[PDB]
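Data block below; observations after.
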Amino acid sequence: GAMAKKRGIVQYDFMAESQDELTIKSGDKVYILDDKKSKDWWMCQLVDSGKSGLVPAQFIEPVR
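Numbers 19 to 82, taken from the working numbering, label the letters of the sequence shown in order.
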């Protein structure tokens, strides 16, 4: 349902340039909040901190 949690693992480091982006390190665990609105960017939430923002789509491995 609409509260289903969708997990991912970060595969590459990424340093945000804009405020809407999320700095991430390879191996970081995330929740995938929105993989539909943008073609090349997903809105993710870090499991350690709750900090959220856009990350390159191809950097996130969806996992269970």
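Here a beta-carbon is modelled for each residue, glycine too, at the ideal position from N, C-alpha and C.
Item, Value
"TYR49 lies in the beta strand (DSSP E); which residues open and close that run?", "47 to 52"
"Is the CB-CB distance between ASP31 and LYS47 below 7 Å?", "no"
"On the DSSP bridge assignment, give the partners of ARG25 in chain order.", "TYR49, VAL81"
"Which word fits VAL81, buried or exposed, when buried means at least 16 other C-beta atoms lie within 10 angstroms of its C-beta?", "exposed"
"If you compare alpha carbons, which of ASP53, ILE78, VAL28, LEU51 is closest to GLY45?", "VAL28"
"Would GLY71 and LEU51 qualify as a contact pair, given that the criterion is a beta-carbon distance under 7 Å?", "no"
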